[PDB]
Amino acid sequence: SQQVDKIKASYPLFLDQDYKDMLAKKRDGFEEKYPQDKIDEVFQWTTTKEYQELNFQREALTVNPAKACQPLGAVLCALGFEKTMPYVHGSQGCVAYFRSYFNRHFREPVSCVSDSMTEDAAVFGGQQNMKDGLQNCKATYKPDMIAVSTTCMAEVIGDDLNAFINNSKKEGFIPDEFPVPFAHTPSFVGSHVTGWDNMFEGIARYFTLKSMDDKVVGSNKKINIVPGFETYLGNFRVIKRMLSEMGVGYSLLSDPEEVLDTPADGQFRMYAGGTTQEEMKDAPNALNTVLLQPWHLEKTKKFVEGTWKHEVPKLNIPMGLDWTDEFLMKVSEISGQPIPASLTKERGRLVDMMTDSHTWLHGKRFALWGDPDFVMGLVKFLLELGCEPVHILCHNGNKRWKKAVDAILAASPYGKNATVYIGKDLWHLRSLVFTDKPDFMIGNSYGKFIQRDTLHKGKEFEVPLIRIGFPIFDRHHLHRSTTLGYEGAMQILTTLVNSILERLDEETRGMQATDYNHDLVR
Amino acid sequence: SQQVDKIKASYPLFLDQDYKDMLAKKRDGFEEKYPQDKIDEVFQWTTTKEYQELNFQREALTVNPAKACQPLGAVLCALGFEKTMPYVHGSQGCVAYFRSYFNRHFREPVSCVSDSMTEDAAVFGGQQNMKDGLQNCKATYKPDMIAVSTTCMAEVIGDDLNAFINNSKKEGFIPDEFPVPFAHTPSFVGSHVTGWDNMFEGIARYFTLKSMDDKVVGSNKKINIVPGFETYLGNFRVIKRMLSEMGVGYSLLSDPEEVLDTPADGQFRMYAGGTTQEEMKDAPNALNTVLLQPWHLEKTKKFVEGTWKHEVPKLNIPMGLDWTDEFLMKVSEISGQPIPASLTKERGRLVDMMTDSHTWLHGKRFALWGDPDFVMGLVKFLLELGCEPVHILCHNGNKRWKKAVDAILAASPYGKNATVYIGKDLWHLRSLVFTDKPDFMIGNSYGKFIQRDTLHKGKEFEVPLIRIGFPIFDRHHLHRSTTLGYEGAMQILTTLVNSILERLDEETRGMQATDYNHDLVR
Amino acid sequence: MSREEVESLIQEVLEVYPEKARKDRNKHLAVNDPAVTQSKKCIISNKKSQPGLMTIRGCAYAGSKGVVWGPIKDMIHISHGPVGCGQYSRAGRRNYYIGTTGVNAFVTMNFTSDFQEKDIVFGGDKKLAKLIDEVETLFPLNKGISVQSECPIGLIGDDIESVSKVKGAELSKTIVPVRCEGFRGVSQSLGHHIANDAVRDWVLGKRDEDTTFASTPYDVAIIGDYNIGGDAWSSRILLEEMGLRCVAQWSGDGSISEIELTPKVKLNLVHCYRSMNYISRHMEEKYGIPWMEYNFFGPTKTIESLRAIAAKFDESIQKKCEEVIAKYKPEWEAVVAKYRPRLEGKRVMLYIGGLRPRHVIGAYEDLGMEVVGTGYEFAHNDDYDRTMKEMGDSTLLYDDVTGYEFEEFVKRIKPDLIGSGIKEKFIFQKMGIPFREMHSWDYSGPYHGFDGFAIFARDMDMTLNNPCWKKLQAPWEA
Amino acid sequence: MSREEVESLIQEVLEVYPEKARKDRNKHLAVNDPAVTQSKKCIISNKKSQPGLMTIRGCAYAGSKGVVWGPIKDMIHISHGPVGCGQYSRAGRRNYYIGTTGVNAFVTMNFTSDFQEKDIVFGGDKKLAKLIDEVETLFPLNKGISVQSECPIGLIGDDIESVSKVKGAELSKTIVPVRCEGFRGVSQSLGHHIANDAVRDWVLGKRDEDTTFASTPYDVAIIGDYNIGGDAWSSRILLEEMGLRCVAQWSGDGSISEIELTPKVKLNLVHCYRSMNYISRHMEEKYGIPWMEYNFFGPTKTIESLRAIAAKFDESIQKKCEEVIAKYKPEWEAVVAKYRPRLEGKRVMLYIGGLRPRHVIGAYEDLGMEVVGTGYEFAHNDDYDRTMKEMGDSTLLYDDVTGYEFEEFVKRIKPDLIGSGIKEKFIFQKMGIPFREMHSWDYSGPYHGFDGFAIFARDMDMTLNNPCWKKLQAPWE
Ligand code: ICS
Ligand code: CLF
Ligand code: CLF
Ligand SMILES: [Fe+3]
């Protein structure tokens, strides 16, 4: 039943007595459910250290992974170029999923096409699919560029992207001069960040490999910036802003910031902003190329160093105080521009916030996960704050990255109780936060389920989730935040300290029980 | 007892069994406490409508007010001028309290001096205190200006600020040319915003009243901006940024943004930034003066219109979509500068966020309080979002402001269930949120206590607090936020929608009870 | 618009396509004629999507794992293959359930074999067996395992049926291999068919020789309701208030036990014909269980469906049906009285997967709202046959509409409201047109039954009449 | 720094003042000589603040309402006057208590008469009576009312004593008028004295003719502990583990009933001498209750205080004291072993109100830390007498220090840590010097007793050795 003045959605409509009785009847009559005591016993067992030992012995089963597949990152990279259509050669279900994923994270339209490879192409290949798809996409959506990636079906079949695109141009399906960069993005290798790397390397190669004769390093007085797989629009914006304050000429290659933040003004813009083809063609003429996320831009680094002859600096992700300082100093050295007073004042204000919040931040234990560069920057910043990143999970991390993070942890007294896990999923992390409980979790929306599980053990065992990373589905407009630079450091610090204070307020809100510590001033 | 590896602060140290037993012994033996059943009965009574009727019949008693006294606002206004020392003629306890209040809200040094008026001055007055204090302050802290306000003691005994300062200059305690603007700020009239208005009018009078002969309106191509009592640094920053994007010459009079956000770089800066004396002297030459918070800038408006001959536009606080649009259009009309494409895109992005979050924001009921202009801007924005501001409290509001807010509410279907209260404190609001429960509260840190009270009635009766306003003591760095303009509207929208989503996640986190609605995607 | 105007609009939109794409897409767009009963004379459906045209269709894995098998709560579903397919489909569909997640319920979890390069090169059958052993170790309370194949499984020659047979015999566990590789078929529809076949071959006949279940003459099974936001619970409360006993729910909040008990029911009540007509026909042909389609969208369709269902039983069920209708009449009448004046005359364009584009029309009309355009991602011609009589005359019908086509149709028709998926929501919101997610109910609901109708009316009003839609034009641009 | 260097620093700092201010401030700065017992020979205190020098001192209202009367939980305290004084002091002090706020406890609430212009012009006695009636209506479980006067009350000629008497007789309620107007005195110290006098005249003698309370030979009262972060509870658990019965706590987590029962105790244990020595002397002279000062800051002072207190009782109390000391020895020894190596040799400067500048020195020394400068906002010369022997030789002593003076002293001395209030915290944090709030314990604590020592050591280590202090210099500067 519903009262028209106060209509109930599913929660709390299904908490009504009639719905409770009907659900109980269903369960008792037809579900053959295990007894509640057995369910409680099994849950308690899953919270134990023996279950953790069994869980970490997994070799074939993956439960709740913390990574996606390559073509997602390829699509995100392709979206960063001017009037460019992402085109995934393969089956259409992949493109539907990619678009839904990005739509839910960004709350924006995400344009991407498929050539709809089916059982017919499973034997003969998708050459005809490629020809028809390129022609149809160019005719219908009118892009200036079509950036081609692949699904797992095309990779397993062994479709030659280069030959297929060349045949499409040779038979007149698309004009010869039309730019169609391509990249093989096998979903069974790496993760979404690997797809971003492969797509960017393919685009850069397409635009620069055959015209290196007239290129002179440093002849345009600019610095190339490659952001990598990035889902915070504030990060693109802060990098561009910081480079503009220094008066440093720059080219942000793969800039999807405009197309992912189009205004609602009565018209739909399929394309907006992005790196131009002229910018990519002129990229070898830059002074140098800076990779914002070097740990998943290794193929891009190899191409840039071997072909453009750019001496790519060994820089960490500009996250937190020290690494933002190093990024700014390296940019100053490359460009010859001094670091302005505005950036010095911004750094000082970040340090002031650190000194203001250090008492609440000190000693706090964290479990965190995400992409390798983001996770490493978060660990570095947490160490700078006096926090303890006790659990550091990176499902798509490798051994060299783990060694680098271990070196970072060993350099700080606050990394003593920290452990880095690679190839582990969020079920491993659930076991870790049960057996060795941290104060908070930092990660994407999937960690919310872990929080629920911890709350099921008890309020004192609950590990609250702090939503930083990708994807964030259960909150609105967090994709507008910043994690890079001093601005991103201040935002992360504010989020952390206020999460701590919110948790303390919740724990001390009990009248005459714990509210003696419900302080007005914190 | 304490374990050295895990040291407990007061919470949860006093939840240990020995401390619980000792507290119970103290209560049972010596406190003569009322029985717990009587306490529960009285609390339940205080949650009722009969108690609300008794509570709203108050004529003499004020409980938990939502306002401060005038000299606090006078000090905040004085802090907005270059190398200016706030100087409160009266007793020193007032200055200690003002400094502590602002220190806790801003987490920054707050410089303010007193002439330490004692029982000796309670009969003869504080003329000698004024002379010695002006001399000592100028000699010791070396300001370029001393802005003088008053405490209630000096107002009650009737100290003549003008005569005292003139005598100080006549006897050589301070140079004649040294600027000493003054304002009477009686704490028994108005509130802190009235003190801000009085101090600004005093400073503007001091710098412009006797030199109006050579002034020509509009001869410097600038627009004067008077922000009023403002405790969000982001508001100053966003006003300056928006005016800079339009290419509009402006003078922000009383700009305390720099001195309240000094960097931590190894040195203490008592003064930083601020409106210069030349800016104040040249103010009558502006095209016009725009008052950001007109409902507590009435004396300033009277002076600006009657002396500077500026046709001050009738503008609301630039909060939310419609009022930011009106502010920008009026600025464009006054300055002749078109509204640039960047601001149009920013407005469109705010509208896009509104369309993205409207489903979660629609129909939500709010109790809110604060200063009149901030409260009315928040009400306007909530109406634009489809929310219901059911309780609108303004302790320092007047009847004309209440009439204006009622007119705003009548213009929207979402203001049907809204009631505006003036002269009511937070105990009245506690009664209101008990008897007519809203979904959320928007206000300063004091509302946290109300939240605690609601949680004591039950989890289903708890009204969570959303911290927007002044002062915010239990969270860190929220004073850096923005509430004005499109940027402030986006920040407020994000805070509101994510508070709603956090509450929904908390309510649906119960495993096998309510977690059927614990959706990954919201 | 008149019929000629709609035809001209269709031709103008098709003008941009190449000749082959235009020729193919001309067959998937039509002007509705309610008198037509054979929709293949006017529209063609269930065909291959044209390459590179930004289709909204999914894959067979989405239709099998994400739609049919996934909602089954006490079973563990393995996305066999690389990580992407399982990751993108994890908890994206609001098929609600009651259970302890990770202990006895596993709907919102993502189990995957996470194929690497070596699994592609050398196969993943041994990996699948080891994964099944690890699943048994770490989740002892699971009541069954399904293995949903992703694209590489059918291309590398893996034999998941033999692995399922061997491991099920060894562990005495039901292990259901589903060959739902994404490249199979043209959309989620073949995923529905493959999942139905897997249910038939591996689960449904488990209790054929079991007679311990005590059957009653009022035994019904809800087939094809996936409890989106609790829709199946809202339907079930009405059915049980009518005196019926709902033995099974397929498959929202569904357990494997009630699926096995379904062949014992007296009637099958099919909500989604598209996804479960195969298993309904199989049960009719094998166990002799009649099945009937019903619609619980809006009070009118709900009342008609309740009366039709009660007509299949004795007089006591009919009397209880009349009592239920009388009880719920004031509530939905109050909902109509409140919300129809705010929504009367508004025009709606819908584009959903395979059932709802025709099922929600009655609910929209109960609020005085006119559906001027509708279409399906993956419906067959029988769905369009059912759609002709529900749609108004000279209304627009689209099958597997492209993004460009939908945008142009919306530009010309200019509906007051659009109901589609997440991939069109922000496109049409940026155009200044109110949008309602008709898959996930915009994270609201349920919409089935009278309790669902109240929420449906509230949501349509809150989105269509939101102030935000009057603010898209800056006052210096009116 | 040697004595001559400290004197030269004092003179250099004083150079900036005008002649009158310099002459006055020269008497409030000194170089410590531990052999000196009469501190008035070297430093002068409890004087008027110099105008316009940014003093840190508060007012008599802060010393009475904010310090003494406010912590009393079952009483309602009316800030009589305009809204500001009550608003700024609301819940700013962490005097912890147990109760149901708004029902039977009212510490964190702000009750005020909210004086308007008409109240100033025509008086507020009728408003005060109406307010008392409304308080009785809306808060029936309050066990007493105090009326803390703000500045205008003593200037407009209001008679709150007559109103208090009439309303108390009418309602059979204890109504305590406190003439704590801010202009009275020079600091919070006169507020302490006025509040003590109000307690003496209106509350303390309520049960003089009552003999129903069952007294024991081990009855003690805790006087001058305000339960900052639970400090009084940490002291009380130790006292009761020693076999004593803590009848009253003054005034943190304090009720009016235990204040009335205080004249029945056998011993008074005064923590804050500055704020409650008046009432301690009154109780000694009237009821014959001896009072003794004790210090629970740090294990050494805590052990010495426990032994001294137990020496006032029989042998059973002494045996229980030895048992308590033995029980708690491993815990504070582990705390020292963990944190002293991180803090050994660090130099700290303190500036707090009237007790803690000398009381916390032992706790710092237990961690190997050296206090090189100390000073008081409002202490008297007896406090400095007690401070001489606790401070090291050639250390700096400052009374009512100005912001400029403190900044210059910190610039020259360069301590590793500064302990002061909220009005100096951000100044010294921006200078790159770790700062600990020594009033509110930086919203941490308690610091009293053995349990408080662990928190104190952890906090000092976390602030002094925080990484943030090594990052204030940009690497390009
Ligand atoms: S009462 Fe005094 S200023 Fe003795 S007014 Fe002040 S809670 Fe200080 S050094 Mo704040 S004489 Fe208490 C004090 Fe000491 S408020 Fe607290 S810390 S031990
Ligand atoms: S049509 Fe369907 S969703 Fe596509 S793969 Fe095939 S079953 Fe799956 Fe999977 S990991 Fe990523 S998302 Fe693909 S490229 Fe492969
Ligand atoms: S020294 Fe002390 S705090 Fe000052 S007034 Fe006097 S009792 Fe009070 Fe009060 S309302 Fe504001 S803060 Fe004053 S100007 Fe008056
Ligand atoms: Fe959006």
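The chains referred to below are lettered A, B, ... by the order of the sequence lines, with proteins before strands, and numbering in each begins at 1. For ligands, and for the atoms within them, numbers begin at 1 and follow the listed sequence. Keep in mind that the numbers below use all heavy atoms, side chains included, and drop hydrogens, waters and symmetry copies.
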- request: Taking only heavy atoms of D/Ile352 into account, list the atoms of ligand 1 that are under 4.0 Å away from them.
  value: 9 (S)

- request: Please report which non-hydrogen protein atom sits nearest to atom 2 (Fe) of ligand 3, along with the residue it belongs to and the distance in Å to one decimal place.
  value: D/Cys59 SG, 2.3 Å

task: Please determine, by modelled atom types, if B/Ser357 and A/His476 share a side-chain donor-acceptor pair under 3.5 angstrom.
output: yes

query: Atoms of ligand 3 less than 4.0 Å from D/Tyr88 heavy atoms?
result: 12 (S)

message: With a heavy-atom distance limit of 4.0 Å, tell me whether D/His192 approaches ligand 1 through its side chain, its backbone, both, or neither.
response: side chain

D/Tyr273 six-ring centre to D/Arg386 NZ/CZ under 6.0 Å and within 45° of normal: yes

- prompt: Rounded to the nearest 0.5 Å, what separation is found between the CZ atom of D/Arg93 and the OG atom of D/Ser89?
  reply: 11.0 Å

message: Under 3.5 Å, is there a donor on one side chain and an acceptor on the other for D/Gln148 and D/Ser79?
response: no

task: Identify, by atom number and element, the atoms of ligand 1 in contact range of D/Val67, meaning under 4.0 Å from any of its heavy atoms.
output: 1 (S), 5 (S), 15 (S)

- prompt: So how many protein N, O or S atoms does atom 15 (Fe) of ligand 3 have within less than 2.8 Å?
  reply: 1

message: With no hydrogens and no angle check, just 3.5 Å: does a side-chain donor-acceptor pair link A/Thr231 and A/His479?
response: no

task: Do me a favour and list the nearest non-hydrogen protein atom to atom 15 (S) of ligand 1 with residue, atom name and distance?
output: D/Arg93 NE, 3.2 Å

- prompt: Just heavy atoms, cut-off under 4.0 Å: does D/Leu355 contact ligand 1 by side chain, backbone, both, or neither?
  reply: both

query: What is the nearest protein non-hydrogen atom to atom 4 (Fe) of ligand 1, stated with its residue, atom name and distance?
result: D/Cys272 SG, 2.1 Å

- prompt: Would you say the side chains of D/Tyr97 and D/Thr108 form a donor-acceptor pair under 3.5 Å?
  reply: yes

statement: For atom 17 (S) of ligand 1, the closest protein heavy atom turns out to be D/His439 ND1, 3.3 Å

field: Contacting atoms of ligand 1, where contact means under 4.0 angstrom from a heavy atom of D/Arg356
entry: 7 (S), 9 (S), 17 (S)

- request: Can you measure from CG (B/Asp197) to CD (B/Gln70) and round to the nearest 0.5 angstrom?
  value: 9.0 Å

- request: Answer yes or no on whether B/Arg522 is positioned over the face of A/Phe473, meaning its NZ or CZ is under 6.0 Å from the six-membered ring centre and within 45° of the axis.
  value: no

- prompt: Is it the case that B/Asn396 and B/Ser191 place a side-chain donor and acceptor less than 3.5 Å from each other?
  reply: yes

Test item: side-chain donor near acceptor, D/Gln249 and D/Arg236, under 3.5 Å: yes

query: Can you tell me how far the OG1 atom of B/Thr151 sits from the CD1 atom of B/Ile157, to the nearest 0.5 Å?
result: 8.0 Å

- request: Measure D/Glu377 to ligand 1 on non-hydrogen atoms and call it side chain, backbone, both or neither using the 4.0 Å cut-off.
  value: neither

- prompt: Between the side chains of D/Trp441 and D/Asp231, does any donor sit under 3.5 Å from an acceptor?
  reply: yes

- request: Just let me know how B/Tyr97 lines up against ligand 3, side chain, backbone, both or neither, with a heavy-atom cut-off below 4.0 Å.
  value: side chain

- prompt: What is the nearest protein non-hydrogen atom to atom 1 (S) of ligand 1, stated with its residue, atom name and distance?
  reply: D/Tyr226 CE1, 3.3 Å

query: What residue and heavy atom of the protein are closest to atom 6 (Fe) of ligand 1, and at what distance?
result: D/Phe378 CZ, 4.1 Å

- prompt: Side chains of D/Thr55 and D/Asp400: is there a donor and an acceptor less than 3.5 Å apart?
  reply: yes

